[PDB]
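Q: What follows is a structure written as structure tokens; I'll ask about it next.
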Amino acid sequence: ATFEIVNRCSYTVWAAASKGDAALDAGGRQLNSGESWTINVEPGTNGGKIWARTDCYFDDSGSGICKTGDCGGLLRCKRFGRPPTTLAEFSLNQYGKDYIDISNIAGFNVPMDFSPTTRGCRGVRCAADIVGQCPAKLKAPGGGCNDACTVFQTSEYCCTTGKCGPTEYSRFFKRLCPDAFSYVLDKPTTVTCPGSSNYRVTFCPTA
């Protein structure tokens with residue numbers, strides 16, 4: 001499957017793509033404002049994620065740091081990123097269909113549209129100004145809006161027991177972005193797409 005990753009933000013981002021135990025494609029790349037990077041994701045990828053990273057530095061070997069979304073200091077991510085990270089999430093070719101969502105469960109850093117480029121389903125978007133409106137206790141000094149699990153490490157926010165409800169913090173994310181997951185047990189906003197669809201992830205879609 002092809003994913004075109006487009007940075008419409010006025011700032012550089014470092015895109016990242018991983019399924020947690022491996023890179024997807026090269027796993028990461030710099031995207032200056034306006035740049036597009038097309039990746040190939042193997043059919044059948046389950047639990048893949050794409051995100052943006054901000055305020056990164058890398059040496060000539062591809063090691064460094066990012067202020068949001070840092071994946072073990074690598075340019076070319078093999079693991080998931082450090083919150084806060086707005087997440088484009090997908091599982092492809094799962095019994096004949098693809099499943100896509102946006103999640104704020106690991107916080108928010110950059111606004112996002114995640115849409116098919118092929119027929120048969122709709123996209124999802126989280127493009128509100130969550131960083132600007134972020135509750136004071138959730139603001140990440142390194143940049144972004146943390147989720148409450150990251151900040152407070154409770155069973156209720158992290159949904160550790162499989163039993164949790166919405167919270168004042170989840171409700172903030174949900175109010176700004178109804179179409180994205182706000183906590184683990186949120187009413188799902190997953191879209192079912194034809195199997196083997198192709199996609200576009202746009203950072204700062206309303207930029």
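Order determines the names: the first chain of the structure tokens is A, the second B, and so forth; residues in each chain are numbered 1 upward, and ligands are numbered 1 upward as they are shown.
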Which residues come within 7 Å of residue 52 of chain A, counting only C-alpha atoms, excluding same-chain residues fewer than 2 positions away, as a ChimeraX atom specification?
A: /A:13-16,54,69,110
Q: Now that the selection is made, can you save its residues with C-alpha atoms as a PDB file, in the first residue's frame?
A:
ATOM      1  CA  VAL A  13       8.483  17.940  10.558  1.00  0.00           C
ATOM      2  CA  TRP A  14      10.245  14.568  10.608  1.00  0.00           C
ATOM      3  CA  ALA A  15       7.700  11.978   9.551  1.00  0.00           C
ATOM      4  CA  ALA A  16       7.827   8.579  11.202  1.00  0.00           C
ATOM      5  CA  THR A  54       9.020  18.287  15.762  1.00  0.00           C
ATOM      6  CA  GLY A  69       7.624  11.900  18.891  1.00  0.00           C
ATOM      7  CA  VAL A 110       0.602  18.314  14.999  1.00  0.00           C
TER       8      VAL A 110
END
Q: I need the residues of segment 116-194 of chain A that end up classed as helix (DSSP H, G or I) by DSSP on the backbone, written out as a ChimeraX atom specification.
A: /A:130-133,136-138,148-152,155-158,168-176
Q: Grab the residues selected above and save them as a CSV table (one decimal), in the first residue's frame with N, CA, C and O atoms.
A:
chain,number,residue,atom,x,y,z
A,130,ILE,N,-5.4,22.0,19.3
A,130,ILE,CA,-5.3,21.4,20.6
A,130,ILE,C,-4.1,21.9,21.3
A,130,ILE,O,-4.2,22.0,22.6
A,131,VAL,N,-2.9,22.2,20.7
A,131,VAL,CA,-1.8,22.7,21.5
A,131,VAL,C,-2.1,24.0,22.1
A,131,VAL,O,-1.9,24.3,23.3
A,132,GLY,N,-2.7,24.9,21.3
A,132,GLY,CA,-3.0,26.2,21.9
A,132,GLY,C,-4.1,26.2,23.0
A,132,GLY,O,-4.0,27.0,23.9
A,133,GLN,N,-5.0,25.3,22.9
A,133,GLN,CA,-6.1,25.2,23.8
A,133,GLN,C,-5.9,24.2,25.0
A,133,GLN,O,-6.7,24.1,25.9
A,136,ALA,N,-3.8,23.4,31.1
A,136,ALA,CA,-2.5,23.7,31.7
A,136,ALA,C,-1.7,22.5,32.2
A,136,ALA,O,-0.5,22.3,32.0
A,137,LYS,N,-2.4,21.6,32.9
A,137,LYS,CA,-1.8,20.4,33.4
A,137,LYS,C,-1.3,19.4,32.4
A,137,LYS,O,-0.5,18.6,32.7
A,138,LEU,N,-1.8,19.5,31.2
A,138,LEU,CA,-1.4,18.6,30.1
A,138,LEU,C,-0.4,19.2,29.2
A,138,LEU,O,0.2,18.5,28.3
A,148,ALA,N,-3.5,12.3,29.4
A,148,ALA,CA,-3.5,12.2,30.8
A,148,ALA,C,-2.8,11.0,31.4
A,148,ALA,O,-2.3,11.0,32.5
A,149,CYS,N,-2.8,9.9,30.6
A,149,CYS,CA,-2.0,8.7,31.0
A,149,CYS,C,-0.5,9.1,31.2
A,149,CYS,O,0.1,8.8,32.2
A,150,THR,N,0.0,9.7,30.2
A,150,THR,CA,1.4,10.2,30.2
A,150,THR,C,1.7,11.0,31.4
A,150,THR,O,2.7,10.9,32.1
A,151,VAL,N,0.8,11.9,31.7
A,151,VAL,CA,1.1,12.9,32.8
A,151,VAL,C,0.9,12.2,34.2
A,151,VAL,O,1.7,12.5,35.1
A,152,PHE,N,-0.2,11.5,34.4
A,152,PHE,CA,-0.6,11.1,35.7
A,152,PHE,C,-0.4,9.6,36.1
A,152,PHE,O,-0.4,9.2,37.2
A,155,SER,N,-4.5,4.1,36.6
A,155,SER,CA,-5.3,3.0,36.0
A,155,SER,C,-6.5,3.6,35.2
A,155,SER,O,-6.9,3.1,34.2
A,156,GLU,N,-7.1,4.7,35.7
A,156,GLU,CA,-8.2,5.3,35.0
A,156,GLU,C,-7.8,5.9,33.7
A,156,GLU,O,-8.5,5.7,32.7
A,157,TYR,N,-6.7,6.7,33.6
A,157,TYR,CA,-6.3,7.3,32.4
A,157,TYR,C,-5.7,6.3,31.4
A,157,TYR,O,-5.8,6.5,30.2
A,158,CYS,N,-5.0,5.4,31.9
A,158,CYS,CA,-4.2,4.4,31.1
A,158,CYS,C,-5.1,3.2,30.7
A,158,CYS,O,-4.7,2.4,29.8
A,168,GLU,N,-12.3,14.3,32.5
A,168,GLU,CA,-12.3,15.7,32.0
A,168,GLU,C,-11.2,15.9,31.0
A,168,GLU,O,-11.3,16.7,30.1
A,169,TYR,N,-10.1,15.2,31.1
A,169,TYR,CA,-9.0,15.3,30.1
A,169,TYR,C,-9.4,14.7,28.8
A,169,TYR,O,-9.2,15.3,27.7
A,170,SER,N,-9.9,13.5,28.8
A,170,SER,CA,-10.3,12.9,27.5
A,170,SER,C,-11.3,13.7,26.8
A,170,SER,O,-11.3,13.9,25.6
A,171,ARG,N,-12.3,14.3,27.6
A,171,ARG,CA,-13.3,15.1,27.0
A,171,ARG,C,-12.8,16.3,26.3
A,171,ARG,O,-13.4,16.8,25.4
A,172,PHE,N,-11.7,16.9,26.8
A,172,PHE,CA,-11.1,18.0,26.1
A,172,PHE,C,-10.7,17.6,24.7
A,172,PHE,O,-11.0,18.3,23.7
A,173,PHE,N,-9.9,16.5,24.5
A,173,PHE,CA,-9.5,16.0,23.2
A,173,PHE,C,-10.7,15.7,22.3
A,173,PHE,O,-10.7,16.0,21.2
A,174,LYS,N,-11.8,15.1,22.9
A,174,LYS,CA,-12.9,14.7,22.2
A,174,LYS,C,-13.7,15.9,21.7
A,174,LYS,O,-14.3,15.9,20.6
A,175,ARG,N,-13.8,17.0,22.5
A,175,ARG,CA,-14.5,18.2,22.2
A,175,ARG,C,-13.8,18.9,21.0
A,175,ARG,O,-14.4,19.3,20.0
A,176,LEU,N,-12.5,19.0,21.1
A,176,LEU,CA,-11.7,19.6,19.9
A,176,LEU,C,-11.7,18.7,18.7
A,176,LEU,O,-11.7,19.3,17.6
Q: Excluding segment 56-66 of chain A and its own-chain neighbours fewer than 4 positions away, which residues fall within 12 Å of it when counting only C-alpha atoms? Please give them as an mmCIF file with N, CA and C atoms, in the first residue's frame.
A:
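This is the output file selection.cif:
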data_model
loop_
_atom_site.group_PDB
_atom_site.id
_atom_site.type_symbol
_atom_site.label_atom_id
_atom_site.label_comp_id
_atom_site.auth_asym_id
_atom_site.auth_seq_id
_atom_site.Cartn_x
_atom_site.Cartn_y
_atom_site.Cartn_z
ATOM 1 N N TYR A 11 6.261 24.770 9.322
ATOM 2 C CA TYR A 11 7.446 24.301 9.941
ATOM 3 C C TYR A 11 7.800 22.927 9.435
ATOM 4 N N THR A 12 9.097 22.604 9.466
ATOM 5 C CA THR A 12 9.579 21.275 9.160
ATOM 6 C C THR A 12 9.041 20.257 10.158
ATOM 7 N N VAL A 13 8.732 19.072 9.674
ATOM 8 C CA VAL A 13 8.483 17.940 10.558
ATOM 9 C C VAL A 13 9.350 16.778 10.080
ATOM 10 N N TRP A 14 9.551 15.809 10.944
ATOM 11 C CA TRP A 14 10.245 14.568 10.608
ATOM 12 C C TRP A 14 9.184 13.487 10.709
ATOM 13 N N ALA A 15 8.680 13.033 9.571
ATOM 14 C CA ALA A 15 7.700 11.978 9.551
ATOM 15 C C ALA A 15 8.309 10.701 10.094
ATOM 16 N N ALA A 16 7.454 9.865 10.654
ATOM 17 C CA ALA A 16 7.827 8.579 11.202
ATOM 18 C C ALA A 16 6.761 7.551 10.871
ATOM 19 N N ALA A 26 11.360 3.244 5.138
ATOM 20 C CA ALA A 26 12.585 3.685 5.772
ATOM 21 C C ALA A 26 12.373 4.055 7.242
ATOM 22 N N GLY A 27 11.150 4.229 7.682
ATOM 23 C CA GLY A 27 10.830 4.509 9.073
ATOM 24 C C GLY A 27 10.782 5.957 9.421
ATOM 25 N N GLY A 28 11.473 6.833 8.702
ATOM 26 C CA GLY A 28 11.369 8.253 8.976
ATOM 27 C C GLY A 28 12.124 9.053 7.932
ATOM 28 N N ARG A 29 11.764 10.325 7.819
ATOM 29 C CA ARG A 29 12.377 11.235 6.875
ATOM 30 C C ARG A 29 11.992 12.672 7.230
ATOM 31 N N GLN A 30 12.890 13.610 6.943
ATOM 32 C CA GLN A 30 12.568 15.013 7.038
ATOM 33 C C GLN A 30 11.599 15.427 5.951
ATOM 34 N N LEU A 31 10.608 16.235 6.299
ATOM 35 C CA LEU A 31 9.679 16.879 5.400
ATOM 36 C C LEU A 31 9.664 18.396 5.695
ATOM 37 N N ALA A 52 4.101 12.740 13.068
ATOM 38 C CA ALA A 52 5.092 13.778 12.892
ATOM 39 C C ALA A 52 5.923 13.929 14.147
ATOM 40 N N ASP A 70 9.976 11.480 19.485
ATOM 41 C CA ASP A 70 11.287 10.858 19.379
ATOM 42 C C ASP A 70 11.211 9.342 19.551
ATOM 43 N N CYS A 71 11.787 8.605 18.579
ATOM 44 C CA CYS A 71 11.749 7.149 18.572
ATOM 45 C C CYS A 71 13.157 6.649 18.857
ATOM 46 N N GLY A 72 13.530 6.667 20.103
ATOM 47 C CA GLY A 72 14.853 6.187 20.466
ATOM 48 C C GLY A 72 16.022 6.918 19.852
ATOM 49 N N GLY A 73 15.820 8.171 19.505
ATOM 50 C CA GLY A 73 16.858 9.015 18.932
ATOM 51 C C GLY A 73 17.172 8.706 17.508
ATOM 52 N N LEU A 74 16.382 7.942 16.753
ATOM 53 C CA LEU A 74 16.703 7.623 15.388
ATOM 54 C C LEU A 74 15.943 8.486 14.384
ATOM 55 N N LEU A 75 16.596 8.875 13.305
ATOM 56 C CA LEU A 75 15.869 9.464 12.163
ATOM 57 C C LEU A 75 14.892 8.441 11.584
ATOM 58 N N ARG A 76 15.386 7.220 11.394
ATOM 59 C CA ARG A 76 14.633 6.184 10.708
ATOM 60 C C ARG A 76 14.036 5.238 11.739
ATOM 61 N N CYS A 77 12.839 5.610 12.199
ATOM 62 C CA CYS A 77 12.219 4.938 13.335
ATOM 63 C C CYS A 77 11.949 3.468 13.125
ATOM 64 N N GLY A 81 6.916 6.387 18.867
ATOM 65 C CA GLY A 81 7.447 7.651 19.327
ATOM 66 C C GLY A 81 6.956 8.089 20.687
ATOM 67 N N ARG A 82 7.776 8.942 21.288
ATOM 68 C CA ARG A 82 7.478 9.522 22.591
ATOM 69 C C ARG A 82 6.315 10.489 22.548
ATOM 70 N N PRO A 83 5.346 10.300 23.423
ATOM 71 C CA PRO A 83 4.276 11.293 23.450
ATOM 72 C C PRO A 83 4.808 12.671 23.775
ATOM 73 N N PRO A 84 4.144 13.739 23.363
ATOM 74 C CA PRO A 84 2.848 13.755 22.684
ATOM 75 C C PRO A 84 2.971 13.573 21.184
ATOM 76 N N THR A 85 2.103 12.724 20.625
ATOM 77 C CA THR A 85 2.104 12.431 19.212
ATOM 78 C C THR A 85 0.675 12.242 18.704
ATOM 79 N N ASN A 109 0.452 16.548 18.929
ATOM 80 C CA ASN A 109 1.533 17.502 18.625
ATOM 81 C C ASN A 109 1.241 18.321 17.385
ATOM 82 N N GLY A 142 8.184 20.475 26.540
ATOM 83 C CA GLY A 142 8.979 20.220 25.344
ATOM 84 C C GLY A 142 8.187 20.471 24.050
ATOM 85 N N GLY A 143 6.922 20.747 24.074
ATOM 86 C CA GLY A 143 6.048 21.043 22.925
ATOM 87 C C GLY A 143 4.855 20.086 22.910
#
Q: Could you check which of A:1, A:7, A:181, A:199 is closest to residue 87 of chain A, using only C-alpha atoms?
A: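 The shortest atom-to-atom distance to residue 87 of chain A comes from A:181.
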Q: For each of A:153, A:104, A:197, A:33, take the minimum atom-to-atom distance to residue 88 of chain A, counting only C-alpha atoms, then give the residue where this is smallest.
A: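 Distance minimum relative to residue 88 of chain A lands on A:104.
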Q: Which residues come within 8 Å of residue 34 of chain A, counting only C-alpha atoms, excluding same-chain residues fewer than 6 positions away, as a PDB file with N, CA and C atoms, in the first residue's frame?
A:
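What landed in around.pdb:
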ATOM      1  N   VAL A   6       2.336  14.201   3.520  1.00  0.00           N
ATOM      2  CA  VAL A   6       2.459  15.563   3.055  1.00  0.00           C
ATOM      3  C   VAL A   6       2.520  16.495   4.219  1.00  0.00           C
ATOM      4  N   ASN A   7       3.546  17.371   4.255  1.00  0.00           N
ATOM      5  CA  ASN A   7       3.653  18.338   5.300  1.00  0.00           C
ATOM      6  C   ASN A   7       3.142  19.716   4.810  1.00  0.00           C
ATOM      7  N   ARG A   8       1.924  20.080   5.183  1.00  0.00           N
ATOM      8  CA  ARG A   8       1.391  21.385   4.867  1.00  0.00           C
ATOM      9  C   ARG A   8       1.663  22.388   5.974  1.00  0.00           C
ATOM     10  N   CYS A   9       2.337  21.964   7.055  1.00  0.00           N
ATOM     11  CA  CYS A   9       2.679  22.887   8.100  1.00  0.00           C
ATOM     12  C   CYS A   9       3.708  23.921   7.590  1.00  0.00           C
ATOM     13  N   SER A  10       3.746  25.082   8.275  1.00  0.00           N
ATOM     14  CA  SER A  10       4.727  26.096   7.954  1.00  0.00           C
ATOM     15  C   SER A  10       6.096  25.743   8.506  1.00  0.00           C
TER      16      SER A  10
END
Q: From the set A:160, A:18, A:32, A:167, which residue has the shortest atom-to-atom contact distance to residue 78 of chain A, counting only C-alpha atoms?
A: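 Once distances to residue 78 of chain A are computed over only C-alpha atoms, the minimum belongs to A:18.
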Q: Which one is closest to residue 201 of chain A: A:108, A:183, A:90, A:95? Count only C-alpha atoms.
A: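 The answer is A:90, which sits nearest to residue 201 of chain A.
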Q: Report, in Å with one decimal, the straight-line distance from atom CA of residue 119 of chain A to atom CA of residue 91 of chain A.
A: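 Going from atom CA of residue 119 of chain A over to atom CA of residue 91 of chain A covers 17.3 Å.
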